[PDB]
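The block underneath contains the structure these notes are about, expressed in structure tokens.
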Amino acid sequence: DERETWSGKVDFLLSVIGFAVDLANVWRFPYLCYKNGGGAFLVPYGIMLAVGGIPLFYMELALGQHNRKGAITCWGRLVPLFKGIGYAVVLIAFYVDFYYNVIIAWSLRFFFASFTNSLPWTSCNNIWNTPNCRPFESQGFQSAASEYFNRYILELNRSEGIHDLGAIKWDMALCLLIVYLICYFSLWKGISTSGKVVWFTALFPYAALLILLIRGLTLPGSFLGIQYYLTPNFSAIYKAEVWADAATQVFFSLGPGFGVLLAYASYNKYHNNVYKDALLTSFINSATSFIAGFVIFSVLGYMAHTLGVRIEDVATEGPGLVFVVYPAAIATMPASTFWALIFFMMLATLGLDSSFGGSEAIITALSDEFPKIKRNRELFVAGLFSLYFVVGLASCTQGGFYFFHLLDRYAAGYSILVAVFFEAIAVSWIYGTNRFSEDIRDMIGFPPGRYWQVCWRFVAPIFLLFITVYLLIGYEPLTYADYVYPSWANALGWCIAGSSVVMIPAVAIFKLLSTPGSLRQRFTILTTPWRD
Amino acid sequence: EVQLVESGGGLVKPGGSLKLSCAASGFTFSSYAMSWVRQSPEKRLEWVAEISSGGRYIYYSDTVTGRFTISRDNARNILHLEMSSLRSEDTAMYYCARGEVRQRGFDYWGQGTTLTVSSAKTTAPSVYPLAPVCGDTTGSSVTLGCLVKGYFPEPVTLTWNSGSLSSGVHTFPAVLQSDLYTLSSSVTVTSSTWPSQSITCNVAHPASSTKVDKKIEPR
Amino acid sequence: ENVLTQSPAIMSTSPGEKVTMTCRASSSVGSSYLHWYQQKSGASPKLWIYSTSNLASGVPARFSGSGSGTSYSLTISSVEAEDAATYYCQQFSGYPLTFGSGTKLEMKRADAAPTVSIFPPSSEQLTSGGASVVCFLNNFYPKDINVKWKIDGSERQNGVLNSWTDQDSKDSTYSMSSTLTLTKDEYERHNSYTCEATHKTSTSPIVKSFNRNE
Ligand SMILES: CC(C)CCC[C@@H](C)[C@H]1CC[C@H]2[C@@H]3CC=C4C[C@@H](OC(=O)CCC(=O)O)CC[C@]4(C)[C@H]3CC[C@]12C
Ligand SMILES: CC(C)CCC[C@@H](C)[C@H]1CC[C@H]2[C@@H]3CC=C4C[C@@H](O)CC[C@]4(C)[C@H]3CC[C@]12C
Ligand SMILES: [Cl-]
Ligand code: NA
Ligand code: NA
């Protein structure tokens, strides 16, 4: 085994921080803090972060560095029976890349829309607005920026549902094209160039959040937003759904077991201290979500106090924050064009490296499993991103938000919880915390503390089971803004998630069938790792 | 407390073979990577081999690789070093050193066991007494001595009056010539105590199981 | 392998002086992988300092460690009688886990002339066919000593065997044993056997003597 390496420890650290620090940090965590008790919510968030989140982060990073192989081969060597975990994680990342890059396309479309002297989401007079336009959010009316997003950027109103996708928006197809060009030319030559490009796509978000914070805190009414954001209401942490929300946010915010950390740590020097790296980058993604919460809510308090808009209306998660509420706040402050440009460039750079992560997980896993691809990386990556583009043209249609919202709901989440549960079982129970502690000792020089072993062994599977149970309990059929998705759309989304999950027991059974002996010998032969 | 007791080790012909074994107790042996560390007669410490906590990562030094084989018995808390094709310069005292955390060195060491690799033959000590010159025994103190000549291999256990006295006693390092060791010892004692009462050197040589007590006489 | 050279090889330090000994690696050791061990004469080494600065368990607080890169140092502030040992640096960062040469710390004391003592061969050796006269020098300092075996005024350089003790813990004295090994023929061929120890306490030697007829 002779493989390339990062060409610098800071390239690894910035790649992992870039992948981890997603838009979920900006548009999800602050909403949860506000909704789920303010600063009190950091007690659940911090507990679930410590017992279960960082353990699985450190676990996948140590596995990836030890095995020096991608997801498919790492999982096929640690527990051959569970080689299906590698295919599951790769296929999950493959589905995630169809929808996730649309958010970056929207970010670039707003960035390119921002160059006008007056920002087009400022006003209700424009042709795409209805008589129900009002300048800012109101009950039973649409804001000017909501009108702009739904009716000019998306044109979502001209589509009658997921079945009626309508015509391609070619400005959006061109923005998704530019997204995939930046991804291609960042991932074709491999970590040699990806590790350099993340010096921008992982450091610009902090270079923006700094000034976006200085601005937001110097706006009249920012302390009111900070109060709404962090006022402690400790009764809130006595509810189980608060803890489930904290754990789901932790798990998906870090992304432990998504296959990306294997693909990256695979390129570490074998004796690199992955323990410090796991701690450093887990802290940096939690603190980045926290600081982003101030960046957001300072401006949300500015809206609630100055623009005369109710706080319950603007404080929202997901696209309707960064593409509707926050631009509607930006358009009302001096040098609005500048804040618009940097804000949407920040969103694009929060997304870009997060998509590099998934794409690099797929490319490393397949190039490690198939040498034919390893020698032809530039051509495989061109075929891959051309596939992504031609599928993503569905998202670039008028009804494309319904395709985005469906894939976003079902692609990854149910399945990735199931995969990471089986990863925690395979490592901690079948392979062993003893063997894995020996492997970590041999790499970094000291065995993992008893805290980490008890976590990996007992807490992390119960942690993922708690998440999955409270994620299935709150299941409700998919709806988006008074549009109830047809039942066949939910069936298709369950086929997506199930196709991701079925790879685990399908490959398990195929392995069990293809190995000779009686059942005890088949299990033994498929349980012994590859070096033992 | 943690105690490590290296055992085996003795005279071996060059080209021969031996198995050192270390019994570890007082700790969860299964958790800790163990090393074997030898030390030449020149007090040069040299690390020999390492075995990880469950025997999955075995590291050897360039001077012993291919020849030695470290192994581990987590069921019994026994550590082994098989040694094959021993050669003269493998003669050393072999300590067992616990060393799980690379950043905290070898925290606990055993007593070590000596390996003599040489072709010379086991030979019993031709112990002699030594009596002072015939003049004058006084005084106020007189020296009496023991000359453990011709034994092989090291060590010998030499004590005086069954170790009853250890002050004023020197035991000189054995020195090797003709492939036979010579060791000597000398006491100073007050002439009030000898020849007025018995003073004797007690010598033992484990390789021959010899045990002789010679009491010195003025003539 | 990362050969670690320690300087000085030996150092005499009277109690009270502040001493430093340097372990120089050929290759850059991590600052958390160089350790120091104290081997007392006749006992297995103890971990003394780990990670270049950390006193191990039960190490008196007068020791310290410093340095990084390829030059490290163990320092003693107020040397005491207990510091008589050999100190070995070690790098744990990469296999082979090379130990360095070791620096021997020796106590310094005022001089003492050797207590020169002579023994003629016992009857057992005489009947056994050989002869070995033994000269003991039970206490002296410094270690720098010479014994001449003088036979009827002749000087004998061959057939002489020397042993030195390690420095005594109790009083920092050294000691020596010198033996002149001869056959019965050579023993009887000469009448007088004498040994002369010359030592730094005096330019004149110290003598003990017998004639073979005694
Ligand atoms: C950033 C905002 C959202 C507040 C959350 C703070 C967390 C980042 C803190 C809370 C408790 C911390 C954790 C508490 C405990 C541990 C275990 C701690 O101690 C050990 O595991 C050593 C075990 C041993 O040596 O025996 C080292 C890292 C970690 C995960 C800490 C890293 C960061 C944590 C999660
Ligand atoms: C703007 C405010 C809110 C936060 C700014 C903090 C920024 C400067 C912090 C957050 C994450 C940090 C990076 C995290 C990891 C590394 C790797 C390390 O080997 C070099 C420093 C470097 C590259 C840090 C540079 C500084 C950094 C970017
Ligand atoms: Cl987060
Ligand atoms: Na995150
Ligand atoms: Na990102």
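In the structure tokens, each chain is lettered A, B, ... as it comes, each chain's residues begin at 1, and ligands are numbered from 1 in order of appearance.
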If you run DSSP on the backbone here, which positions in range 7-189 of chain B get helix (DSSP H, G or I)? Please write them as a tab-separated table (two decimals) with C-alpha atoms, in the first residue's frame.
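In the end it all went to selection_7.tsv:
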```tsv
chain	number	residue	atom	x	y	z
B	29	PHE	CA	-1.40	-7.30	31.50
B	30	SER	CA	-3.73	-7.58	28.51
B	31	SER	CA	-3.83	-3.78	28.24
B	88	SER	CA	28.28	-13.96	21.35
B	89	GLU	CA	27.21	-10.31	21.38
B	90	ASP	CA	23.67	-11.28	22.34
B	102	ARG	CA	4.79	5.99	23.93
B	103	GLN	CA	4.68	9.46	25.51
B	104	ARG	CA	5.37	8.10	29.02
```
Exercise. Using only C-alpha atoms, determine which residues lie at most 9 Å from residue 64 in chain C, disregarding the query and same-chain residues fewer than 3 positions distant; provide the list as a list in words.
Key: residues 49, 52, 53, 54, 55, 61, 73, 74, 75, 76 and 77 of chain C
Output file for the selection above: C-alpha atoms, as a PDB file, in the first residue's frame:
```
ATOM      1  CA  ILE C  49      11.591  11.987  33.309  1.00  0.00           C
ATOM      2  CA  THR C  52      11.303  16.071  28.100  1.00  0.00           C
ATOM      3  CA  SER C  53      10.003  17.874  31.183  1.00  0.00           C
ATOM      4  CA  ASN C  54       7.787  15.666  33.361  1.00  0.00           C
ATOM      5  CA  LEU C  55       9.201  14.218  36.555  1.00  0.00           C
ATOM      6  CA  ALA C  61      11.690  17.730  42.705  1.00  0.00           C
ATOM      7  CA  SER C  73      18.997  18.084  28.726  1.00  0.00           C
ATOM      8  CA  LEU C  74      18.481  16.715  32.213  1.00  0.00           C
ATOM      9  CA  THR C  75      19.469  19.122  34.967  1.00  0.00           C
ATOM     10  CA  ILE C  76      19.917  18.648  38.705  1.00  0.00           C
ATOM     11  CA  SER C  77      19.633  21.750  40.869  1.00  0.00           C
TER      12      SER C  77
END
```
Quiz prompt | Contacts of range 152-156 of chain B at 8 Å (only C-alpha atoms; same-chain gap of 6+ positions) as number ranges by chain | solution = B: 11, 116, 120-125, 174, 180-181, 203-207
Practice problem: Identify, on the basis of only C-alpha atoms, every residue whose closest approach to range 38-47 of chain B does not exceed 10 Å; exclude the query and any residue fewer than 4 positions from it along the same chain; express the result as number ranges by chain. | Solution: B: 60-61, 63-64, 89-97, 112-115; C: 39, 41, 44-45, 86, 88, 90, 95-102
With N, CA, C and O atoms kept, could you save the residues just selected as a short mmCIF file (atom, residue, chain, number, x, y, z; two decimals), in the first residue's frame?
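Listed below is the output, part16.cif:
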```
data_model
loop_
_atom_site.label_atom_id
_atom_site.label_comp_id
_atom_site.auth_asym_id
_atom_site.auth_seq_id
_atom_site.Cartn_x
_atom_site.Cartn_y
_atom_site.Cartn_z
N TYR B 60 10.73 -5.21 16.00
CA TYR B 60 12.04 -5.72 16.38
C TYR B 60 13.11 -4.70 16.04
O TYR B 60 12.90 -3.80 15.22
N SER B 61 14.26 -4.83 16.68
CA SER B 61 15.41 -4.01 16.33
C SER B 61 16.22 -4.68 15.23
O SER B 61 16.10 -5.88 14.99
N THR B 63 19.17 -5.52 15.04
CA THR B 63 20.20 -6.44 15.50
C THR B 63 19.65 -7.80 15.87
O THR B 63 20.43 -8.76 15.99
N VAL B 64 18.34 -7.92 16.05
CA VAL B 64 17.71 -9.15 16.51
C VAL B 64 16.59 -9.60 15.60
O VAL B 64 16.01 -10.66 15.84
N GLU B 89 27.64 -11.64 20.95
CA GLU B 89 27.21 -10.31 21.38
C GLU B 89 25.75 -10.22 21.79
O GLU B 89 25.32 -9.14 22.20
N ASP B 90 24.97 -11.30 21.69
CA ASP B 90 23.67 -11.28 22.34
C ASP B 90 23.75 -11.44 23.85
O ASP B 90 22.73 -11.30 24.52
N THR B 91 24.92 -11.75 24.40
CA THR B 91 25.07 -11.83 25.85
C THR B 91 24.83 -10.47 26.50
O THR B 91 25.53 -9.50 26.21
N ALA B 92 23.84 -10.41 27.38
CA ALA B 92 23.36 -9.17 27.96
C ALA B 92 22.40 -9.54 29.07
O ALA B 92 21.99 -10.70 29.18
N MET B 93 22.02 -8.57 29.89
CA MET B 93 20.92 -8.73 30.82
C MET B 93 19.65 -8.17 30.21
O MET B 93 19.62 -7.02 29.78
N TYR B 94 18.61 -9.00 30.16
CA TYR B 94 17.37 -8.69 29.46
C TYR B 94 16.31 -8.28 30.47
O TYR B 94 15.77 -9.12 31.18
N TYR B 95 15.99 -6.99 30.50
CA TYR B 95 14.86 -6.51 31.27
C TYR B 95 13.59 -6.60 30.46
O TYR B 95 13.61 -6.55 29.23
N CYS B 96 12.48 -6.76 31.16
CA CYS B 96 11.16 -6.60 30.57
C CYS B 96 10.63 -5.26 31.01
O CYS B 96 10.63 -4.94 32.20
N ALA B 97 10.16 -4.47 30.05
CA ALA B 97 9.79 -3.09 30.31
C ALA B 97 8.38 -2.86 29.79
O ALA B 97 8.11 -3.07 28.60
N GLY B 112 15.36 -8.08 35.33
CA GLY B 112 16.25 -8.59 34.31
C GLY B 112 16.82 -9.96 34.62
O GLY B 112 16.93 -10.35 35.78
N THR B 113 17.19 -10.68 33.57
CA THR B 113 17.85 -11.97 33.67
C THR B 113 19.02 -12.02 32.70
O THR B 113 18.88 -11.65 31.54
N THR B 114 20.16 -12.51 33.18
CA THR B 114 21.38 -12.51 32.39
C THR B 114 21.44 -13.71 31.46
O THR B 114 21.15 -14.84 31.85
N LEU B 115 21.83 -13.45 30.22
CA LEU B 115 22.11 -14.48 29.24
C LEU B 115 23.60 -14.47 28.94
O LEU B 115 24.13 -13.46 28.46
N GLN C 39 19.41 4.47 36.28
CA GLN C 39 19.79 3.13 36.70
C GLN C 39 20.80 3.24 37.83
O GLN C 39 21.95 3.63 37.62
N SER C 41 23.41 1.67 40.47
CA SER C 41 24.33 0.57 40.29
C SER C 41 23.75 -0.69 40.91
O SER C 41 23.56 -0.77 42.13
N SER C 44 17.54 -2.37 38.12
CA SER C 44 16.97 -2.05 36.82
C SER C 44 16.65 -0.56 36.73
O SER C 44 16.40 0.09 37.75
N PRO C 45 16.67 0.02 35.53
CA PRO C 45 16.39 1.44 35.40
C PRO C 45 14.98 1.79 35.85
O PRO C 45 14.06 0.97 35.78
N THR C 86 23.49 6.09 36.69
CA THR C 86 23.66 6.36 35.27
C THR C 86 22.33 6.79 34.68
O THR C 86 21.33 6.09 34.85
N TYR C 88 20.03 7.61 31.38
CA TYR C 88 19.90 7.28 29.96
C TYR C 88 18.72 8.05 29.38
O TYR C 88 17.60 7.92 29.87
N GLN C 90 16.14 8.42 26.15
CA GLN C 90 15.57 7.53 25.15
C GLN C 90 14.57 8.27 24.29
O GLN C 90 13.80 9.08 24.80
N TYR C 95 10.73 3.58 15.69
CA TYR C 95 11.44 2.33 15.87
C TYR C 95 12.67 2.28 14.97
O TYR C 95 12.59 2.65 13.80
N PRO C 96 13.82 1.81 15.47
CA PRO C 96 14.13 1.28 16.81
C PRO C 96 14.09 2.32 17.93
O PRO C 96 14.43 3.47 17.75
N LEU C 97 13.66 1.90 19.13
CA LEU C 97 13.56 2.80 20.28
C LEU C 97 14.93 2.96 20.94
O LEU C 97 15.23 2.42 22.00
N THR C 98 15.79 3.72 20.27
CA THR C 98 17.19 3.82 20.69
C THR C 98 17.31 4.48 22.06
O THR C 98 16.75 5.55 22.29
N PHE C 99 18.04 3.84 22.96
CA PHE C 99 18.59 4.46 24.16
C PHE C 99 19.92 5.11 23.84
O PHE C 99 20.66 4.65 22.96
N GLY C 100 20.25 6.18 24.56
CA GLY C 100 21.53 6.82 24.40
C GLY C 100 22.61 6.26 25.31
O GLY C 100 22.40 5.35 26.10
N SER C 101 23.81 6.84 25.17
CA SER C 101 25.01 6.27 25.79
C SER C 101 24.89 6.15 27.30
O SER C 101 25.49 5.24 27.89
N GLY C 102 24.15 7.03 27.94
CA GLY C 102 24.12 7.07 29.39
C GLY C 102 25.22 7.94 29.96
O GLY C 102 26.38 7.81 29.55
#
```
Quiz prompt | Contacts to ligand 4 at 10 Å cut-off (only C-alpha atoms and all ligand atoms) as a ChimeraX atom specification | solution = /A:17-26,28-29,249-255,282,284-289,350,354
Exercise. Output as an MDAnalysis selection string the set of chain B residues within 12 Å of chain A, with distances taken over only C-alpha atoms.
Key: chainID B and resid 30:33 50:59 99:105
Grab the residues selected above and save them as a PDB file, in the first residue's frame with N, CA, C and O atoms.
```
ATOM      1  N   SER B  30      -3.144  -7.637  29.836  1.00  0.00           N
ATOM      2  CA  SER B  30      -3.735  -7.579  28.506  1.00  0.00           C
ATOM      3  C   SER B  30      -3.833  -6.172  27.937  1.00  0.00           C
ATOM      4  O   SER B  30      -4.043  -6.029  26.731  1.00  0.00           O
ATOM      5  N   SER B  31      -3.696  -5.134  28.753  1.00  0.00           N
ATOM      6  CA  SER B  31      -3.829  -3.778  28.239  1.00  0.00           C
ATOM      7  C   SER B  31      -2.537  -3.161  27.725  1.00  0.00           C
ATOM      8  O   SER B  31      -2.606  -2.251  26.896  1.00  0.00           O
ATOM      9  N   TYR B  32      -1.373  -3.596  28.186  1.00  0.00           N
ATOM     10  CA  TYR B  32      -0.156  -2.810  28.042  1.00  0.00           C
ATOM     11  C   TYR B  32       0.797  -3.460  27.054  1.00  0.00           C
ATOM     12  O   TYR B  32       1.146  -4.632  27.202  1.00  0.00           O
ATOM     13  N   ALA B  33       1.215  -2.700  26.047  1.00  0.00           N
ATOM     14  CA  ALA B  33       2.345  -3.108  25.228  1.00  0.00           C
ATOM     15  C   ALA B  33       3.580  -3.295  26.095  1.00  0.00           C
ATOM     16  O   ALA B  33       3.887  -2.459  26.944  1.00  0.00           O
ATOM     17  N   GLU B  50       9.346  -5.114  20.691  1.00  0.00           N
ATOM     18  CA  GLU B  50       8.083  -4.699  21.287  1.00  0.00           C
ATOM     19  C   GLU B  50       6.933  -5.551  20.781  1.00  0.00           C
ATOM     20  O   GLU B  50       6.931  -6.004  19.636  1.00  0.00           O
ATOM     21  N   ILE B  51       5.953  -5.764  21.656  1.00  0.00           N
ATOM     22  CA  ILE B  51       4.705  -6.441  21.332  1.00  0.00           C
ATOM     23  C   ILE B  51       3.564  -5.579  21.845  1.00  0.00           C
ATOM     24  O   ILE B  51       3.575  -5.160  23.004  1.00  0.00           O
ATOM     25  N   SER B  52       2.583  -5.319  20.988  1.00  0.00           N
ATOM     26  CA  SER B  52       1.460  -4.479  21.366  1.00  0.00           C
ATOM     27  C   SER B  52       0.494  -5.214  22.292  1.00  0.00           C
ATOM     28  O   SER B  52       0.657  -6.389  22.615  1.00  0.00           O
ATOM     29  N   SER B  53      -0.525  -4.474  22.734  1.00  0.00           N
ATOM     30  CA  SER B  53      -1.378  -4.897  23.840  1.00  0.00           C
ATOM     31  C   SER B  53      -2.039  -6.246  23.611  1.00  0.00           C
ATOM     32  O   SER B  53      -2.362  -6.940  24.576  1.00  0.00           O
ATOM     33  N   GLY B  54      -2.322  -6.606  22.364  1.00  0.00           N
ATOM     34  CA  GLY B  54      -2.919  -7.898  22.089  1.00  0.00           C
ATOM     35  C   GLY B  54      -2.150  -8.708  21.075  1.00  0.00           C
ATOM     36  O   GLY B  54      -2.666  -9.682  20.526  1.00  0.00           O
ATOM     37  N   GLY B  55      -0.902  -8.327  20.840  1.00  0.00           N
ATOM     38  CA  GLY B  55      -0.010  -9.111  20.018  1.00  0.00           C
ATOM     39  C   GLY B  55      -0.179  -8.928  18.533  1.00  0.00           C
ATOM     40  O   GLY B  55       0.245  -9.791  17.765  1.00  0.00           O
ATOM     41  N   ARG B  56      -0.768  -7.824  18.095  1.00  0.00           N
ATOM     42  CA  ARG B  56      -1.041  -7.630  16.682  1.00  0.00           C
ATOM     43  C   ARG B  56      -0.006  -6.749  16.006  1.00  0.00           C
ATOM     44  O   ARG B  56      -0.008  -6.658  14.775  1.00  0.00           O
ATOM     45  N   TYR B  57       0.871  -6.103  16.772  1.00  0.00           N
ATOM     46  CA  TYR B  57       1.910  -5.232  16.225  1.00  0.00           C
ATOM     47  C   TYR B  57       3.229  -5.557  16.915  1.00  0.00           C
ATOM     48  O   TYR B  57       3.459  -5.129  18.046  1.00  0.00           O
ATOM     49  N   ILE B  58       4.102  -6.280  16.222  1.00  0.00           N
ATOM     50  CA  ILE B  58       5.378  -6.746  16.757  1.00  0.00           C
ATOM     51  C   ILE B  58       6.488  -5.974  16.064  1.00  0.00           C
ATOM     52  O   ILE B  58       6.605  -6.017  14.835  1.00  0.00           O
ATOM     53  N   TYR B  59       7.321  -5.296  16.844  1.00  0.00           N
ATOM     54  CA  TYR B  59       8.429  -4.508  16.323  1.00  0.00           C
ATOM     55  C   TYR B  59       9.737  -5.050  16.873  1.00  0.00           C
ATOM     56  O   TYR B  59       9.851  -5.285  18.077  1.00  0.00           O
ATOM     57  N   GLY B  99       5.458  -0.514  28.533  1.00  0.00           N
ATOM     58  CA  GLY B  99       5.548   0.725  27.782  1.00  0.00           C
ATOM     59  C   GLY B  99       4.346   1.069  26.928  1.00  0.00           C
ATOM     60  O   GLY B  99       4.518   1.428  25.763  1.00  0.00           O
ATOM     61  N   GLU B 100       3.131   0.979  27.468  1.00  0.00           N
ATOM     62  CA  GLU B 100       1.942   1.188  26.647  1.00  0.00           C
ATOM     63  C   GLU B 100       1.914   2.560  25.990  1.00  0.00           C
ATOM     64  O   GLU B 100       1.800   2.669  24.765  1.00  0.00           O
ATOM     65  N   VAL B 101       2.025   3.622  26.778  1.00  0.00           N
ATOM     66  CA  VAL B 101       1.968   4.979  26.245  1.00  0.00           C
ATOM     67  C   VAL B 101       3.356   5.377  25.761  1.00  0.00           C
ATOM     68  O   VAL B 101       4.282   5.522  26.559  1.00  0.00           O
ATOM     69  N   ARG B 102       3.509   5.553  24.455  1.00  0.00           N
ATOM     70  CA  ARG B 102       4.795   5.995  23.935  1.00  0.00           C
ATOM     71  C   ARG B 102       5.242   7.301  24.566  1.00  0.00           C
ATOM     72  O   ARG B 102       6.445   7.548  24.683  1.00  0.00           O
ATOM     73  N   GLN B 103       4.310   8.154  24.967  1.00  0.00           N
ATOM     74  CA  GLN B 103       4.675   9.456  25.509  1.00  0.00           C
ATOM     75  C   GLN B 103       5.045   9.411  26.983  1.00  0.00           C
ATOM     76  O   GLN B 103       5.385  10.455  27.544  1.00  0.00           O
ATOM     77  N   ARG B 104       4.986   8.244  27.623  1.00  0.00           N
ATOM     78  CA  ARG B 104       5.373   8.098  29.020  1.00  0.00           C
ATOM     79  C   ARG B 104       6.441   7.031  29.207  1.00  0.00           C
ATOM     80  O   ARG B 104       6.639   6.549  30.322  1.00  0.00           O
ATOM     81  N   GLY B 105       7.126   6.648  28.141  1.00  0.00           N
ATOM     82  CA  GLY B 105       8.262   5.767  28.252  1.00  0.00           C
ATOM     83  C   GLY B 105       7.940   4.429  28.891  1.00  0.00           C
ATOM     84  O   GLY B 105       6.792   4.002  28.979  1.00  0.00           O
TER      85      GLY B 105
END
```
Exercise. Quick one: pick out all strand (DSSP E or B) residues within chain B from a backbone DSSP run and write them as a PyMOL selection string.
Key: chain B and resi 3-7+11-12+18-25+34-39+45-51+58-60+68-73+78-83+92-98+108-109+113-117+123+128-130+141-152+157-160+165+169-171+175-177+180-190+200-205+210-215
Which residues of chain C come within 10 Å of chain A, and what is each one's closest atom pair and distance in Å (one decimal), counting only C-alpha atoms, sorted by chain and residue number, as a tab-separated table?
```
residue	atom	partner	partner_atom	distance
C:33	CA	A:445	CA	9.7
C:92	CA	A:445	CA	9.2
C:93	CA	A:445	CA	8.5
C:94	CA	A:271	CA	9.7
```
Could you write out the selected residues, including C-alpha atoms, as a PDB file, in the first residue's frame?
```pdb
ATOM      1  CA  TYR C  33       8.911  11.339  23.130  1.00  0.00           C
ATOM      2  CA  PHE C  92      10.168   6.637  21.725  1.00  0.00           C
ATOM      3  CA  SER C  93       9.091   8.446  18.557  1.00  0.00           C
ATOM      4  CA  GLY C  94      10.271   5.920  15.989  1.00  0.00           C
TER       5      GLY C  94
END
```
Quiz prompt | Residue with smallest distance to residue 170 in chain C - pool B:144, B:169, B:81, B:2, counting only C-alpha atoms | solution = B:169
Around ligand 2, out to 12 Å and counting only C-alpha atoms and all ligand atoms, which residues are there? I want them as a PDB file with C-alpha atoms, in the first residue's frame.
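This is the output file result18.pdb:
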```pdb
ATOM      1  CA  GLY A   8       0.304  19.372   4.551  1.00  0.00           C
ATOM      2  CA  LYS A   9      -1.532  18.835   7.820  1.00  0.00           C
ATOM      3  CA  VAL A  10      -3.431  22.107   7.472  1.00  0.00           C
ATOM      4  CA  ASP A  11      -4.890  20.893   4.174  1.00  0.00           C
ATOM      5  CA  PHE A  12      -6.431  17.976   6.059  1.00  0.00           C
ATOM      6  CA  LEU A  13      -7.683  20.170   8.871  1.00  0.00           C
ATOM      7  CA  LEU A  14      -9.234  22.697   6.486  1.00  0.00           C
ATOM      8  CA  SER A  15     -10.786  19.912   4.401  1.00  0.00           C
ATOM      9  CA  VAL A  16     -12.449  18.418   7.478  1.00  0.00           C
ATOM     10  CA  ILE A  17     -13.545  21.803   8.832  1.00  0.00           C
ATOM     11  CA  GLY A  18     -14.927  22.738   5.416  1.00  0.00           C
ATOM     12  CA  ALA A  20     -18.212  19.721   8.639  1.00  0.00           C
ATOM     13  CA  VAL A  21     -19.178  23.418   8.583  1.00  0.00           C
ATOM     14  CA  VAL A 198     -10.352  24.434   0.563  1.00  0.00           C
ATOM     15  CA  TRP A 199      -7.943  27.132   1.759  1.00  0.00           C
ATOM     16  CA  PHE A 200     -10.573  29.386   0.206  1.00  0.00           C
ATOM     17  CA  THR A 201     -13.829  27.489   0.414  1.00  0.00           C
ATOM     18  CA  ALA A 202     -13.207  26.702   4.124  1.00  0.00           C
ATOM     19  CA  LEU A 203     -11.723  30.047   5.217  1.00  0.00           C
ATOM     20  CA  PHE A 204     -13.986  32.482   3.376  1.00  0.00           C
ATOM     21  CA  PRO A 205     -17.015  31.607   5.538  1.00  0.00           C
ATOM     22  CA  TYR A 206     -15.086  32.789   8.595  1.00  0.00           C
ATOM     23  CA  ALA A 207     -13.860  35.856   6.694  1.00  0.00           C
ATOM     24  CA  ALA A 208     -17.513  36.657   6.023  1.00  0.00           C
ATOM     25  CA  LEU A 209     -19.042  35.689   9.366  1.00  0.00           C
ATOM     26  CA  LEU A 210     -16.556  38.071  10.983  1.00  0.00           C
ATOM     27  CA  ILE A 211     -17.772  41.171   9.136  1.00  0.00           C
ATOM     28  CA  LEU A 212     -21.370  39.943   8.936  1.00  0.00           C
ATOM     29  CA  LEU A 213     -21.145  39.729  12.739  1.00  0.00           C
ATOM     30  CA  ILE A 214     -19.598  43.161  13.193  1.00  0.00           C
ATOM     31  CA  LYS A 276      -6.143  16.199  18.369  1.00  0.00           C
ATOM     32  CA  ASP A 277      -7.565  16.661  14.874  1.00  0.00           C
ATOM     33  CA  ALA A 278     -10.929  15.188  15.849  1.00  0.00           C
ATOM     34  CA  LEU A 279     -11.166  17.392  18.931  1.00  0.00           C
ATOM     35  CA  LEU A 280     -10.030  20.521  17.098  1.00  0.00           C
ATOM     36  CA  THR A 281     -12.425  20.204  14.180  1.00  0.00           C
ATOM     37  CA  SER A 282     -15.405  19.120  16.296  1.00  0.00           C
ATOM     38  CA  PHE A 283     -14.900  22.205  18.443  1.00  0.00           C
ATOM     39  CA  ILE A 284     -14.547  24.406  15.372  1.00  0.00           C
ATOM     40  CA  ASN A 285     -17.914  23.164  13.858  1.00  0.00           C
ATOM     41  CA  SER A 286     -19.754  23.658  17.128  1.00  0.00           C
ATOM     42  CA  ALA A 287     -18.291  27.119  17.741  1.00  0.00           C
ATOM     43  CA  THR A 288     -18.939  28.049  14.114  1.00  0.00           C
ATOM     44  CA  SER A 289     -22.606  27.166  14.502  1.00  0.00           C
ATOM     45  CA  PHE A 290     -22.696  29.269  17.681  1.00  0.00           C
ATOM     46  CA  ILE A 291     -21.045  32.339  16.129  1.00  0.00           C
ATOM     47  CA  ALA A 292     -23.283  31.954  13.077  1.00  0.00           C
ATOM     48  CA  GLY A 293     -26.203  32.066  15.475  1.00  0.00           C
ATOM     49  CA  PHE A 294     -25.132  35.525  16.540  1.00  0.00           C
ATOM     50  CA  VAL A 295     -24.593  36.552  12.906  1.00  0.00           C
TER      51      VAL A 295
END
```
